[PDB]
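Quick setup: one chain, the form deposited in one PDB entry, written in structure tokens, and binding and motion questions come after.
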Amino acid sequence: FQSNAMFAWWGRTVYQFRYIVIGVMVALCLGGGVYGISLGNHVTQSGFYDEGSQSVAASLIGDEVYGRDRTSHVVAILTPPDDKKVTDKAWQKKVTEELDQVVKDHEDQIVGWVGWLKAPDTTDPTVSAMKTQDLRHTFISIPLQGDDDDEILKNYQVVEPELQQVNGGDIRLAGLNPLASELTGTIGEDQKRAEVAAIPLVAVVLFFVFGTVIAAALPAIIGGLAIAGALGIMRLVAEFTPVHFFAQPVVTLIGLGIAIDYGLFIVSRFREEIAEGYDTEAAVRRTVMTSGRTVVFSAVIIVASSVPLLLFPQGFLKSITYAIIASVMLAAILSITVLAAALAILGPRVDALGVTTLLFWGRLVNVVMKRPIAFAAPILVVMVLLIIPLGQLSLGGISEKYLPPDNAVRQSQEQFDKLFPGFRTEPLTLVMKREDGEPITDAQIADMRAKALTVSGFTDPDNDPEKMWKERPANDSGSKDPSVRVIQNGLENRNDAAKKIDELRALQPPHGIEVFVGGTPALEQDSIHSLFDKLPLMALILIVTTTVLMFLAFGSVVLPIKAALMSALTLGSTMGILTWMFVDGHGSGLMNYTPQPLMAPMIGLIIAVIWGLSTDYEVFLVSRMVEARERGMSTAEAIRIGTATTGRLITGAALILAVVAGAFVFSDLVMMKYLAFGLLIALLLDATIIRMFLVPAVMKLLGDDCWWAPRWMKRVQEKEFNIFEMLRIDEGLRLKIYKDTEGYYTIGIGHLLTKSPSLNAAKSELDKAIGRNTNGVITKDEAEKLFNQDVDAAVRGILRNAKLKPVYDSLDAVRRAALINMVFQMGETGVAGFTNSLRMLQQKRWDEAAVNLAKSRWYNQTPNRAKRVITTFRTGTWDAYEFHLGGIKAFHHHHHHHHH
């Protein structure tokens, strides 16, 4: 079951209203583009955790009662100039005043500054540790105003320009916000690196696919309107849900490439249509009915590959999922609206301006025909090697190591940790809430502590177990509700976390108190637990729905099961090279990144994206080889017909995508590099090794078993348009006796009954011809009967004429019908008058014949029918009749009215 009546309708409709269409959509895309530049101000950095987990619950309760921890917001290492010691009172007074200035100039953003520098005469050991022992360094804590991560980062980025000039500029800022500003700032550099490098490179790859400026520029314009509109959509989405920072580059990395690839593939088909002889209107419609459906289905495939990501609770993956969907749907819509309308207006003009104005696959597939196992077996091995570095991979949260090793903020963090060890902590929290609502007594606190001391592995600095699990600090932002108490202690090994959290939760609460285990390790481990929990379901939904969509596309059970195996191998192989690059560390030196575990949600994203890419490239390649089977062409070069037809397009499309992805591999954010490289690898793999070799090999051997259609699973083949339906349009179909334009009694399809004025003489003839008493009325079947006889009579007359027989034998079945049509209309003697045009048709000079025929009096007297017939001669298809300007008003009986 399918509907191309929808696409045939739109293909016609979009040409008709091409001005309204191109005006409206551009207005929205540029409108949304203007609305969508404010997106950078409404994105979030939160969404990496499971907000339904126990650790998040512990965090919200903790921040409510005790106040959120603001001590790690801004850490600032101060160092005296000229080898001076930090004890220098003049330098102390100067810097203290500088710091007090920044705070009073920004009281809306800064809570204040805390450190040894504020009270140099102190005996508090921890405060005395805020200075190094050689007295060359000292750091301060600068807590900021704000009630969520985004508002706090905004407050930092406001005070940063002045905070940086403190102590003559020699102040090193670190902590959460200087790192967050740097991490989120990577998005901006990646956007501009794409503008500068990717766009000109794409323009070049485009002007090498088409040898023409206008033709090359259109897919680029589509890509621009896509991004603009998509950013507007996402900005609108941000009005309802939180949209993560990382959703912005996804719109560019994935959205831009596919939009241009869509535009490339559609403009490419439009020129093909024009070349084969179709006029602009028919060319547009045929493009939409074919390549347009390929684009829409491609969009469906990608969406079906991305929706399973919604199974994960992380807002990071959700907003990214929304971003992918918005981008691809808009790209698919724009490619068959704005682009189609543009071509409809331009027409053959798309090739006007040349390159100067600015200023073989089938042989190789045949080489892999001859020896499947020569290539295939030796590839299945090469890929499963790649799957064993995949086998070993680790997972971790965001750290300063996500930035390059030479990043100034990362190093300032790493210098802080070296100069001032023990300040940066990751304690696990035991959050206690009494349900009935009354205060928590010290006995229950001491009770929980004893149970906390049951579990080994928690830090004990000064070797005293009853000073462990100290109460969490309280500040002025906490409600200090007595029914909630929090105790905490760090782990001695962080790798123990997952086990210890399960142990801390395995503990049994004091009667009447609920215990939530929190802390940054707990937040991270719970998030990882969530992903591995729902990953099997996603993979199933992913594999099933794509395989189901391939059932619909191929018309086979074998091929989808085969294709899913191909995807799972490109996926496993790619993720293996990825693990080999970013965990095992190969390529880190050249690329300036630090080998480390991967971000966990990136794994779901990279599975969906790689799988979708693999599936999309397969469906396009294979369904054209299916076409050979539909045509009756044998398997062996069915496989070759499809590979060659697509060959130059796929490379051009993949190259364009590779160029876009290749610009993001230089990002300073390491999880961006992981994603971008994952594309390049899977893309080059799918566009070379998979496409060129593995697929043709494997398909041959299950040689004709590839296609298999249990029952009605396969589609029945449509009624083929015939000469009956053709002249039913040009001469009409009447089931009751009427008078034609000469007042002669006619019936069926222009079938002259008699030139007699007597209706009963006419009824006599009809009764004769049909074989029954008709009362002047026949069925549709009987009309086709009369018509067939008339056709036979005309063909006999044609084969009898010395001027018509040669060209008639020369012609294909469709063009033969075009000639019989002319014979019906004006008779053999009339048609034989087109001596040169007939010669041109006989020599298959379709273009010259079509042009010459339109210069006849035949064309001037009956343009609509002539244009139809002439078009049929030009293209050799029924296209001019399957969709047409309805309504013949003037009925005239044809020659060769055959009587029995």
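Residues carry their position along the shown sequence, with the first being 1. Rigid core: the largest C-alpha set superposing within 1.5 Å between the two forms.
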Quiz item: Can you say how many deposited residues have no coordinates in the span between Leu359 and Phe360, choosing none, 1 to 3, 4 to 9, or 10 or more?
Solution: 10 or more
Quiz item: Would 372 to 380 or 340 to 348 have the larger average of its C-alpha temperature factors, as given in the entry?
Solution: 372 to 380
Quiz item: Per the entry, where is the mean C-alpha temperature factor higher: 652 to 660 or 826 to 834?
Solution: 652 to 660
Quiz prompt | Peak C-alpha temperature factor (PDB record), options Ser141, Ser588, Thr635, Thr79 | solution = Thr635
Quiz item: At the C-alpha atoms, which of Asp809, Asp170, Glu784, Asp147 reaches the highest B-factor in this entry?
Solution: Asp170
Practice problem: Pull the Cα B-factor of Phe312 out of the PDB entry and bin it into the chain's lowest, middle or highest third. | Solution: middle
Exercise. Rank-wise, by C-alpha B-factor, drop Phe891 into the lowest, middle or highest third of its chain.
Key: middle
Exercise. Would you please rank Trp707 by its C-alpha temperature factor against the other modelled residues of its chain and give the third it falls in: lowest, middle or highest?
Key: highest
Exercise. Taking the chain's C-alpha temperature factors as the reference, tell me which third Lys154 falls into: lowest, middle or highest.
Key: lowest
Exercise. Grab the CA temperature factor for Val26 from the record and place it in the lowest, middle or highest third of its chain.
Key: middle
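From this point on, the text means the form deposited in another entry, which you will not see here.
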Quiz item: Which residue, chosen from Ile398, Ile214, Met538, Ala628, moves its CA by 2 Å or more between the shown form and the other one under a rigid core superposition?
Solution: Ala628
Quiz item: Just checking, between the shown form and the other one and with the core aligned, does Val558 shift 2 Å or more at the CA?
Solution: yes
Practice problem: Answer yes if the CA of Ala203 moves 2 Å or more between the shown form and the other one after aligning the rigid core, and no otherwise. | Solution: no
Practice problem: State yes or no: after fitting on the rigid core, is the Cα displacement of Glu742 between the shown form and the other one at least 2 Å? | Solution: no
